[PDB]
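Data first, discussion second: the structure below is written as structure tokens.
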Amino acid sequence: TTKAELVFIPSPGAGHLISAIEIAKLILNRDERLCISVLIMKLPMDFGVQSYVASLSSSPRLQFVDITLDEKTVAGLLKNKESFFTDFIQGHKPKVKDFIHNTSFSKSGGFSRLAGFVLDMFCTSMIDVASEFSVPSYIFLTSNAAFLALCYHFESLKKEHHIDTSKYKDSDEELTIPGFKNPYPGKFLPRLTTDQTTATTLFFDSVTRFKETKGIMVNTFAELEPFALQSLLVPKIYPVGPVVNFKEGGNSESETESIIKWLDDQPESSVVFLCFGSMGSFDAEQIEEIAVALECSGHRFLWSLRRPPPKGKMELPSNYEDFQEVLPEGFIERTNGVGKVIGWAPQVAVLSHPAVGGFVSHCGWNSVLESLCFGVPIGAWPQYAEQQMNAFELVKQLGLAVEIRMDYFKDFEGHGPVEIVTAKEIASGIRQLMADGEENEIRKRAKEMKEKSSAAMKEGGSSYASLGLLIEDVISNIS
Ligand SMILES: O=c1ccn([C@@H]2O[C@H](COP(=O)(O)OP(=O)(O)O)[C@@H](O)[C@H]2O)c(=O)[nH]1
Ligand SMILES: [Cl-]
């Protein structure tokens, strides 16, 4: 009884790999007639993927294959410090076709014909390898539907109408974008839409190749982004989210216990939770401005404070040993019993706790889906990538977040018009986020999304049937 194998090729890096495995197990646990091969690409300096890959146990219907090139080849692929990433992924094209002939599930025997490619956004170069075997490719976007509508619009502005999108940079003119109810102010656009860099022209070349695929799985659900989703036509969109990994309870549990044990002592829906994603940090004078707003607000707070990278290079934000380096004098011993300052945080464990009632966030989409899965309203303080669009959508389109400052951009090169958001903006945003008990109407819809996000994944839900339709078309390639 033959099955169908899907060749998952996520963009390199843990996070993309973890999201690819999450959606892979959703397909395997839904339909017995499918196996999946995840192809891992590893960068040289990526501790974490190396740490995470070693923990991978190959399920009987799920094989994790590592296909990276020898270091001789990879080293010769740093030639362009802004075309590295597209060059690196393309560099694995010959080792992908080798996997198809040797290590894949094909040649039979549980064993079955190859059936499709599910590629990440940065892996559109793999569409051509899938066509050498006369087999359709797919896209799995861990971003949302509104960002796909934004990519289609700016791909059209750049390649079809040949518009120089630099004009919209920090502008006050409002754009009409398919999938956005109200005009989009230019100053809220992600930098990838206005920056004329090398990386963005190669990124929008990948958006042009979205049209060659059979389908696109987006990490959202129909009731969350209804206007953005119904503006997308080619190709067929499958909202299968919210896809999210709760299982990795690890930051291991001993420090989470103290954080959880402390939140257990706080009143319910009373603590506003500070966190800014994997690479989010702040400069000395901005952390200063946050401590004043937190004290001046009067609410309980769990603040995740990480230490910045050296700015030369040097990987991700770290952790402090003591926050005597960072914090204003007396703030620590004055927020005794009301506030706590940590480094890396068990985000899902914190957001699921009943004491947390507000989530100030950079609006990274995985973080947003985690907050909405537990009904926690958001304070929007975006930093990088598409987060400025996530913020504008959550604040102005979905009524699910209060603005801290939507036109904020964290500059890694050492680009923005605003350096410091003030404690007066932070406290006023926090004051509005936790206000009015549970008659806060932004909090009211956050409650609703928790029920709708849970309903979308169970049988009968929009994401459940949409995922069921994705599998049917995948097996329709094999018949
Ligand atoms: O202090 C932190 C910051 C982030 N995360 C986790 O890291 C991911 C961040 O998601 P996001 O979409 O924001 O990705 P990013 O924007 O960080 O690249 C989520 O799964 C969070 O649970 C965490 O556990 N602790
Ligand atoms: Cl967690």
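Numbering of ligands and ligand atoms starts at 1, following listing order. Residue numbers run from 1 in the order of the sequence given.
Pairing each heavy atom of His353 with each of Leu263, the nearest pair is CE1-O, 3.0 Å.
The residues lining ligand 1, counting any heavy atom closer than 4.0 Å, are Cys275, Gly277, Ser278, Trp344, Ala345, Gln347, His362, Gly364, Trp365, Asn366, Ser367, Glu370, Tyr384, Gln387.
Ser454 contributes no side-chain N or O that, together with a main-chain N or O of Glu451, makes up a donor-acceptor pair within less than 3.5 Å.
The closest side-chain donor-acceptor pair between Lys158 and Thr165 falls under 3.5 angstrom. A donor-acceptor pair shorter than 3.5 Å can be found between the side chains of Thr220 and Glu225.
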| task | Just do the ring pair (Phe, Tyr, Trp, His ring centres under 6.0 Å) check on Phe282 and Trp381 with the steps written out, would you? | result | CA-CA 12 Å; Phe282 287 117; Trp381 189 351; 4.6 Å; yes
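No option in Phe88, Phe85, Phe84 other than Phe85 meets the ring-ring contact (aromatic ring centres under 6.0 Å, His included) test with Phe122.
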